[PDB]
Amino acid sequence: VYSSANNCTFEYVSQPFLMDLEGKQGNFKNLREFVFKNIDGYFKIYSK
Amino acid sequence: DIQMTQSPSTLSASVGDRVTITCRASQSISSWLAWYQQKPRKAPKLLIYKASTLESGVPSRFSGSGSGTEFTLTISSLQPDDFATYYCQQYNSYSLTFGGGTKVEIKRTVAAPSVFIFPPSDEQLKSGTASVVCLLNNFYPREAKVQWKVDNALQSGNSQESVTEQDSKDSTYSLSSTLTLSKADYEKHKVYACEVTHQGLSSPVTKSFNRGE
Amino acid sequence: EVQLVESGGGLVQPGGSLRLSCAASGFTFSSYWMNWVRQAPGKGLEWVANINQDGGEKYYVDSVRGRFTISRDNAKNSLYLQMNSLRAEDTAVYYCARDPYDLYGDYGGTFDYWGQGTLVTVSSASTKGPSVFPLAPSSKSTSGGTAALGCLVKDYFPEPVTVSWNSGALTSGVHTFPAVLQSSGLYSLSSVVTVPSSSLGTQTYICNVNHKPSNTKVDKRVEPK
């Protein structure tokens, strides 16, 4: 993703859950919906 | 998931006529539907893909159209080869699903069945059981009714029937009915009769025999 | 000739496992998804499992998920389906078919090529050869009319059974009915043929029964009383 990082204003870390590492193709099991919008400096994220 | 429901489940048409089988998905599959033709005991062959594209080598008589959730496979000029069960399938989403299947049959003139009755062989009796067989030969349409009577008593739960596939040449159907009984039970009664009712028959045909004679 | 030959069908007890295999030829095997579809007779066609071209991605119907594993050996040009914890319900004819690419999505073509099928039967019953009894001609009519005769092939397991008349000499008017599963769990069927009454006595009628699983062969002469 990235070579190096410059100054950082903010940093966040989250839960330990694991993700699907393998390449599989068939019925989509799950749906993840996201909305990304930045209003007034705020990066708002919504999901389901 | 999605369920595909075909209609009609069965149909009979004459040669040269136009047949239209429809398939209805529970929800929008889009273009993701294909059709397959299957003959008895043989593996299915792919007729159409993407709802209307003819697979290579498939006869032009077959065509498929669709819009929305409803799709139709039409056969412009029915041929005798066409006898089979046709299935729709939707590849749109997993799991893949097939419709119930529509059996197509060649409509021909009505034909009455010849009826024969066979008593149990002596060899068979040596076992425990006695098998009485009643053959219905070369009739159309397929619907045929068989009742079994032992000394004019109706029988239930002791019979099994089988029907052949439509005949290649005749386009007729044949049916066998077997009544099974214990040797002891069989010896008990004198008259074994097979009664048959069919569209072809003006009156009922009953074939019978006497046990000792 | 694009071809797919399935092998490995048979009789299996509940809890057992089998592995069917499908050998493919006529195309670049490595480049295509392969699927296994089954047709269980009373029921219809059902899609069992699919594998991506790479062989990694594998999908299954819910009923089979722990039980069945689909795999393939490209160098071998073979596809396999190993089954476990077989249930009576899994009895069906399994066909290996070459599938389309899912990526095509709204334009999916469906399964282009299909194999003949391998029949797997799950039942507690053991293999058993058939009893063959004659169905002697009985008619209450004048002779010269047609007569019907045949053989009763009873109590054999598993399917299939082969029935011929006069060693293939007599085709016309022959009806060998599909077998029915009897209450016993054994299979029974009858083969009949219609012939002229005149032919009785003059013509020999031999019913040839061959049941490969039991490895038994029978030739029964049917004669009038």
# chains A, B, ... in the order shown; residues from 1 in each chain; ligands from 1

$ residues_around --residues "region 137-146 of chain B" --least-positions-apart "5" --cutoff "8 Å" --atoms "only C-alpha atoms" --output "PyMOL selection string"
chain B and resi 108-115+170-175+177+194-200

$ closest_atom_pairs --of "chain B" --to "chain C" --cutoff "9 Å" --atoms "only C-alpha atoms" --output "CSV"
residue,atom,partner,partner_atom,distance
B:29,CA,C:106,CA,7.6
B:30,CA,C:106,CA,6.0
B:31,CA,C:106,CA,5.0
B:32,CA,C:106,CA,4.7
B:33,CA,C:108,CA,6.9
B:34,CA,C:110,CA,5.8
B:35,CA,C:110,CA,8.1
B:36,CA,C:111,CA,8.7
B:41,CA,C:116,CA,8.6
B:42,CA,C:116,CA,6.5
B:43,CA,C:116,CA,5.5
B:44,CA,C:114,CA,6.6
B:45,CA,C:114,CA,6.9
B:46,CA,C:112,CA,5.6
B:47,CA,C:112,CA,8.7
B:48,CA,C:109,CA,7.3
B:49,CA,C:109,CA,4.0
B:50,CA,C:107,CA,4.7
B:51,CA,C:107,CA,8.1
B:53,CA,C:109,CA,8.1
B:55,CA,C:112,CA,7.8
B:87,CA,C:45,CA,8.7
B:89,CA,C:110,CA,7.8
B:90,CA,C:110,CA,8.2
B:91,CA,C:108,CA,5.9
B:92,CA,C:106,CA,6.0
B:93,CA,C:105,CA,8.2
B:94,CA,C:59,CA,8.9
B:95,CA,C:61,CA,6.8
B:96,CA,C:47,CA,6.3
B:97,CA,C:47,CA,6.8
B:98,CA,C:45,CA,6.6
B:99,CA,C:44,CA,8.2
B:100,CA,C:44,CA,6.3
B:101,CA,C:44,CA,7.4
B:116,CA,C:139,CA,6.9
B:117,CA,C:138,CA,6.9
B:118,CA,C:135,CA,6.0
B:119,CA,C:135,CA,7.5
B:120,CA,C:135,CA,7.6
B:121,CA,C:133,CA,6.6
B:122,CA,C:133,CA,9.0
B:123,CA,C:133,CA,7.0
B:124,CA,C:133,CA,6.6
B:131,CA,C:152,CA,8.9
B:133,CA,C:135,CA,8.2
B:135,CA,C:192,CA,8.2
B:137,CA,C:194,CA,8.6
B:160,CA,C:180,CA,7.7
B:161,CA,C:180,CA,7.8
B:162,CA,C:177,CA,6.3
B:163,CA,C:177,CA,6.4
B:164,CA,C:177,CA,5.5
B:165,CA,C:177,CA,8.6
B:174,CA,C:175,CA,7.5
B:175,CA,C:177,CA,7.6
B:176,CA,C:177,CA,7.3
B:207,CA,C:140,CA,8.5

$ write_last_selection --atoms "C-alpha atoms" --output "PDB file, in the first residue's frame"
ATOM      1  CA  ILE B  29     -32.283 -13.048 -12.485  1.00  0.00           C
ATOM      2  CA  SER B  30     -31.723 -10.544 -15.238  1.00  0.00           C
ATOM      3  CA  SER B  31     -30.525 -12.327 -18.377  1.00  0.00           C
ATOM      4  CA  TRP B  32     -29.021 -15.132 -16.413  1.00  0.00           C
ATOM      5  CA  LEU B  33     -31.189 -17.972 -17.607  1.00  0.00           C
ATOM      6  CA  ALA B  34     -30.495 -21.039 -19.690  1.00  0.00           C
ATOM      7  CA  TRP B  35     -32.560 -23.923 -20.964  1.00  0.00           C
ATOM      8  CA  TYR B  36     -31.766 -27.614 -21.167  1.00  0.00           C
ATOM      9  CA  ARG B  41     -31.999 -41.562 -18.942  1.00  0.00           C
ATOM     10  CA  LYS B  42     -29.790 -39.374 -21.109  1.00  0.00           C
ATOM     11  CA  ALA B  43     -27.865 -36.408 -19.769  1.00  0.00           C
ATOM     12  CA  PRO B  44     -29.158 -32.938 -20.352  1.00  0.00           C
ATOM     13  CA  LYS B  45     -28.177 -30.902 -23.355  1.00  0.00           C
ATOM     14  CA  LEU B  46     -27.911 -27.147 -23.298  1.00  0.00           C
ATOM     15  CA  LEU B  47     -30.389 -25.481 -25.638  1.00  0.00           C
ATOM     16  CA  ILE B  48     -30.164 -21.793 -24.836  1.00  0.00           C
ATOM     17  CA  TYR B  49     -27.932 -19.460 -22.902  1.00  0.00           C
ATOM     18  CA  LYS B  50     -28.325 -15.854 -21.844  1.00  0.00           C
ATOM     19  CA  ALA B  51     -32.041 -16.323 -22.278  1.00  0.00           C
ATOM     20  CA  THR B  53     -28.700 -17.401 -27.481  1.00  0.00           C
ATOM     21  CA  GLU B  55     -26.070 -23.122 -28.286  1.00  0.00           C
ATOM     22  CA  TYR B  87     -35.649 -27.338 -17.774  1.00  0.00           C
ATOM     23  CA  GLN B  89     -31.986 -22.684 -14.968  1.00  0.00           C
ATOM     24  CA  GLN B  90     -30.784 -19.435 -13.511  1.00  0.00           C
ATOM     25  CA  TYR B  91     -27.049 -18.815 -13.277  1.00  0.00           C
ATOM     26  CA  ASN B  92     -27.719 -15.309 -12.009  1.00  0.00           C
ATOM     27  CA  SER B  93     -26.874 -16.041  -8.432  1.00  0.00           C
ATOM     28  CA  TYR B  94     -25.811 -18.883  -6.172  1.00  0.00           C
ATOM     29  CA  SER B  95     -27.017 -21.371  -5.585  1.00  0.00           C
ATOM     30  CA  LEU B  96     -27.746 -22.361  -9.153  1.00  0.00           C
ATOM     31  CA  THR B  97     -31.292 -23.557  -9.511  1.00  0.00           C
ATOM     32  CA  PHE B  98     -33.290 -25.538 -12.042  1.00  0.00           C
ATOM     33  CA  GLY B  99     -37.018 -25.466 -12.604  1.00  0.00           C
ATOM     34  CA  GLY B 100     -39.250 -28.466 -11.942  1.00  0.00           C
ATOM     35  CA  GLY B 101     -39.139 -29.538 -15.573  1.00  0.00           C
ATOM     36  CA  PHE B 116     -53.649 -59.274 -20.942  1.00  0.00           C
ATOM     37  CA  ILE B 117     -53.615 -60.998 -17.565  1.00  0.00           C
ATOM     38  CA  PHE B 118     -50.905 -63.356 -16.349  1.00  0.00           C
ATOM     39  CA  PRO B 119     -51.251 -65.819 -13.533  1.00  0.00           C
ATOM     40  CA  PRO B 120     -48.338 -66.629 -11.270  1.00  0.00           C
ATOM     41  CA  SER B 121     -45.974 -69.298 -12.482  1.00  0.00           C
ATOM     42  CA  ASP B 122     -45.735 -72.551 -10.609  1.00  0.00           C
ATOM     43  CA  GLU B 123     -42.071 -71.846 -10.117  1.00  0.00           C
ATOM     44  CA  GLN B 124     -42.838 -68.587  -8.372  1.00  0.00           C
ATOM     45  CA  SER B 131     -47.349 -62.191  -8.459  1.00  0.00           C
ATOM     46  CA  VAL B 133     -49.474 -59.247 -13.688  1.00  0.00           C
ATOM     47  CA  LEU B 135     -50.372 -55.720 -19.104  1.00  0.00           C
ATOM     48  CA  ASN B 137     -50.352 -52.467 -24.240  1.00  0.00           C
ATOM     49  CA  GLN B 160     -47.679 -51.426  -8.044  1.00  0.00           C
ATOM     50  CA  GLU B 161     -47.653 -50.035 -11.550  1.00  0.00           C
ATOM     51  CA  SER B 162     -45.047 -48.970 -14.094  1.00  0.00           C
ATOM     52  CA  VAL B 163     -45.335 -47.005 -17.285  1.00  0.00           C
ATOM     53  CA  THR B 164     -43.047 -47.024 -20.280  1.00  0.00           C
ATOM     54  CA  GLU B 165     -41.713 -43.983 -22.050  1.00  0.00           C
ATOM     55  CA  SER B 174     -47.725 -49.235 -22.115  1.00  0.00           C
ATOM     56  CA  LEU B 175     -48.348 -50.128 -18.501  1.00  0.00           C
ATOM     57  CA  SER B 176     -47.825 -53.085 -16.179  1.00  0.00           C
ATOM     58  CA  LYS B 207     -59.605 -59.899 -18.073  1.00  0.00           C
TER      59      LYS B 207
END

$ interface_residues --of "chain A" --to "chain B" --cutoff "10 Å" --atoms "only C-alpha atoms" --output "VMD selection string"
chain A and resid 25 to 29

$ write_last_selection --atoms "N, CA, C and O atoms" --output "tab-separated table (two decimals), in the first residue's frame"
chain	number	residue	atom	x	y	z
A	25	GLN	N	-14.98	-18.06	-5.46
A	25	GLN	CA	-15.94	-17.39	-6.29
A	25	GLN	C	-17.16	-18.22	-6.46
A	25	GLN	O	-17.10	-19.33	-6.99
A	26	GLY	N	-18.30	-17.66	-6.04
A	26	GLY	CA	-19.54	-18.38	-6.10
A	26	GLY	C	-20.57	-17.45	-5.56
A	26	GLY	O	-20.45	-16.23	-5.72
A	27	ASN	N	-21.59	-18.00	-4.91
A	27	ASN	CA	-22.64	-17.17	-4.39
A	27	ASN	C	-22.01	-16.21	-3.45
A	27	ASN	O	-21.19	-16.60	-2.63
A	28	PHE	N	-22.41	-14.93	-3.54
A	28	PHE	CA	-21.91	-13.99	-2.60
A	28	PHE	C	-22.64	-14.28	-1.33
A	28	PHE	O	-23.87	-14.31	-1.31
A	29	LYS	N	-21.89	-14.61	-0.25
A	29	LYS	CA	-22.46	-14.91	1.03
A	29	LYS	C	-22.89	-13.67	1.77
A	29	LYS	O	-23.97	-13.65	2.36

$ interface_residues --of "chain C" --to "chain A" --cutoff "7 Å" --atoms "only C-alpha atoms" --output "PDB file with N, CA and C atoms, in the first residue's frame"
ATOM      1  N   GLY C  56      -8.991 -23.508  -6.603  1.00  0.00           N
ATOM      2  CA  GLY C  56      -9.131 -23.079  -5.239  1.00  0.00           C
ATOM      3  C   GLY C  56     -10.559 -22.863  -4.815  1.00  0.00           C
ATOM      4  N   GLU C  57     -11.313 -22.032  -5.571  1.00  0.00           N
ATOM      5  CA  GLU C  57     -12.642 -21.658  -5.159  1.00  0.00           C
ATOM      6  C   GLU C  57     -13.549 -22.824  -5.368  1.00  0.00           C
ATOM      7  N   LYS C  58     -14.303 -23.208  -4.317  1.00  0.00           N
ATOM      8  CA  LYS C  58     -15.178 -24.339  -4.447  1.00  0.00           C
ATOM      9  C   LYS C  58     -16.479 -24.005  -3.783  1.00  0.00           C
ATOM     10  N   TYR C  59     -17.609 -24.368  -4.429  1.00  0.00           N
ATOM     11  CA  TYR C  59     -18.901 -24.072  -3.874  1.00  0.00           C
ATOM     12  C   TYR C  59     -19.726 -25.319  -3.816  1.00  0.00           C
TER      13      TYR C  59
END

$ residues_around --residues "residue 32 (chain C)" --least-positions-apart "3" --cutoff "10 Å" --atoms "only C-alpha atoms" --output "PyMOL selection string"
chain C and resi 27-29+35+51-55+98-101

$ select_by_dssp --residues "region 32-143 of chain B" --states "strand (DSSP E)" --output "count of residues only"
55
